[PDB]
């Protein structure tokens, strides 16, 4: 268990950006700029800094050339400069490795703290950032698939309750989760900014980064991303979807960048800012929990995720999940799922929905 520090948690506003290590910067640029239409805040031969349509901070995504594709940092903005000091004292009390840079780790960020957190993830906390032109009314630039906000991160970790408790002490509030009747937790979603999630935990071998999620305005914008990928003959890089989520109620799509980093496109979840916001727990065997329409969850969604780096830039050792596997209990040979709880009609045993088994 991870103890609650005496020191106050930093006041976290929201997820703000991710730094991803990529192996071929030009191929990654093609994906994020030419395919997905993100906006360049800065670039050179080593890095590309990208932002969404409605953003005013310097960036939502930094692509950094390196030898091994991995998550380098997932960054949260905090409310005040003093909250960076609070973050440092908090993670020091947790016994975590920290590194403080008064002029930032990446361009367009000022005083910043990076930590190897108790779950092995590289978190950054910062307040100071260079403001840029907010493009929210630049409809002369608007793409049919425009990505308008950074919405959330999702992390793979082996013990979800342990991670959940730690994030709760850090001020995140749980909105939704997936459990079974004999007390296993498979996933949890948690927020600071008044949407369903700023980060989320997926049970599995970790630390690994499951995905980074961007929003669109409308569902048709997500459809267009799929259509464009078909036209570019890269439909093999559409991993899963499009769909409606059960958990979060958002319309969604998962796609894979050139290094296999997973990107979710997302829209139209609900407001969670009231302190008594009702939590929702789904049963793991409910075949509408992940895709509301009952479409099968592609197996790579459960098995594949990105490496994460420590503060020296080396890959973090993976620790194996010992709790039950969501894949195995739902779509594996001994798994099952239901459409209506207790009804054999519309249930699936030893395979996925819609007539498929695992390949």
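Numbering follows the first chain given and starts at 1.
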ask   = Got a sec? Mean C-alpha B-factor, which is higher, 315-323 or 46-54?
value = 315-323
Mean Cα B-factor comparison, 290-298 or 329-337, giving the higher one as deposited = 329-337
Residue selected from 108, 278, 258, 230 by maximal Cα B factor = 108
Among 104, 243, 273, 145 - the residue whose C-alpha B-factor is largest in the record = 104
ask   = Based on the entry's values, in what third of the chain does the Cα temperature factor of residue 253 lie: lowest, middle or highest?
value = lowest
ask   = Once the chain's modelled residues are ordered by C-alpha B factor and cut into thirds, is residue 97 in the lowest, middle or highest one?
value = highest
query = If you rank the chain by CA B-factor, which third does residue 140 end up in: lowest, middle or highest?
reply = middle
query = Which third of the chain does residue 208 land in by C-alpha B-factor: lowest, middle or highest?
reply = middle
ask   = How does residue 77 rank on Cα B-factor within its chain, lowest, middle or highest third?
value = middle
